[PDB]
Structures are given as structure tokens and as C-alpha cells.
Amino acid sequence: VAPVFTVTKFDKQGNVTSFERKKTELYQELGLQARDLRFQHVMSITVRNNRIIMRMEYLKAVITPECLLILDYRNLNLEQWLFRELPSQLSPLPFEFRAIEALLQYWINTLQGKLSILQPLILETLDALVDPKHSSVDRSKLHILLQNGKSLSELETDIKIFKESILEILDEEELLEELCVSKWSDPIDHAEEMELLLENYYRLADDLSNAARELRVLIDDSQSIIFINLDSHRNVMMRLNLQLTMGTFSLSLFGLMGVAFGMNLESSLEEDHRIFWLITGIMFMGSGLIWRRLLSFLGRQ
């Protein structure tokens, strides 16, 4: 079966149509070639034969002086935006500016929504983890943090690609003039308006990038603080264990003393209770003294 695009077409007045068209007929209707409508790049803004070709992660658009076309919109939850919002936006400047503004605004709003969803989860998870009142931390929250960090990295990459794509155009004047397809098709400055639009969207993307970078550095700092807290708790517990170990060592030493003094043999000392009481008292007082001395030895270190 011949390959076919699923196109939805918007007119200047905002009227909407939708159909399925074979690629060869689409090329013939326009002045393009299969070399152009390939969409091999995730992000791209290009001009060919006075036709603008724009692509996002999952959005594909062709802009003409008299119409707009969105391609392969099925199973992407774009119906609400396509049939409810876009016609209102498209209804003194030419059509190209309206269409480009609509698409760029859609992408920017999508990125802003992603960031707004990501931020509170990460902040709350980090706040919960950093609580120094616990000697251990949950691991489900760690898994959540890892997944959200992956999503944040993807968002940063998308923002950087958007910025680079727009900047590549803003620098050269030739592309700025090319985007003014209506002027060239049928021979106030349009280049200035295009520059303003692209500058605005580039600045918004820069702000988003700065926010994401701040979030990432916050994550790193929280991780370091977590490490430090865990190490401190380890040291405290080891100190406690060491103190108890010294106590047990003294107790066992004088337990051996008593066991030796209490063998099932002849000692020639079983007829006196004074010696027994003296031995018990000596054991106890000496255990106290040696424990205190070992505590002091630990303290001096």
C-alpha cells in the first residue's frame, strides 16, 4: 500500500478540514519534494519553495501563505488543541505569524506544564529525605527521585534544542526574510516582527532552562547533605557500641577472675566469707574504675 499522510488543514478564516492523502499527491499539490517531507530530525524549522516546514518531538506542520497543515495527529491527544483552541487563535498581520505564534506557544506551554508538574514532587521528596531526625531513608522515594531526574534531563535537552533551533535563525537575516513567504509569493517590516517573536520565545526558553538548572543543583546539594547525615549517624552509633564494648570487656575480665576464684578444686580459702565479700567488692569497684579509665582514654583521642 502506498504511504499516506493524515492531514488536518486550517484555512485563513479558521475553517477546519481533515483527510488522508497520498504523499505523491501532496508533493504535486505543493512545490516540494520527498527530500523535504521526511521529518528525520526531532526539531527543525526550514523553508523550501516559500513553504515553512516545522517539526517538534511529535508535531509536524507545513505552513503556506493561504493554509496550514498538521500531519500525523492521530493518537496524540491533540484534538482539544486542534478543534477548540487553534481556530480561535487563527481567527492585520499575515497568516504565517499567527500560525508560527500558535505552534511556538503550544510547545512553550507544554514545556512549562512539564516543569510545573516536576518541581513540587522533587522539592517535597528532597525535603522529606533531608530530615535529619532519621538514621535511614526510604528507597521508594529515591526511585521516584531518579525517575523525575531522568524526566528533568529530557526536559533540559528539549529546551536546549528549541533554543538552538531558534537562535540559528535569529542570527542570519536571510532566513528571517525567507520566513516572510507571503512577501515573496506576491511581490511596515516583517523581519522586525519575526525577530521580536523569536526573541520572545528564546527568552522564555532561557528562563525555563535556568529554572531546570537550579533544580538540578538543588538535587545535588541535597544528595551531599544526605551523605553527610548518614555518616554522622554511623559515627554516633559506633561510639555507643564502642562504649558498651569496653564495659562488656571489663565485665568479662572480672567474670574470668571470679570463675578462676570459683573452680571446683581446692583453694584453701573456702572457710572464710570475708575473702569472698572482699573479692566481690574488688571486682565491682575495679570494673567501675577501669570503665571510667577507658572512657577517659576514648575522650582524649
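Note that the rigid core is defined as the largest set of C-alphas that superpose within 1.5 Å between two forms. So that there is no doubt, residue numbering starts at 1 and follows the sequence shown.
Across the superposed structures in 8 other deposited structures of this protein, aligned by the core, the stretch whose Cα atoms lie more distant on average is 280-288, chosen from 5-13 and 280-288. When the other structures are laid on the shown form by the rigid core, the stretch among 265-273 and 50-58 with the greater C-alpha deviation in 8 other deposited structures of this protein turns out to be 265-273. The gap between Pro187 and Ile188 holds 4 to 9 unmodelled residues of the deposited sequence. The gap between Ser91 and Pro92 holds 4 to 9 unmodelled residues of the deposited sequence.
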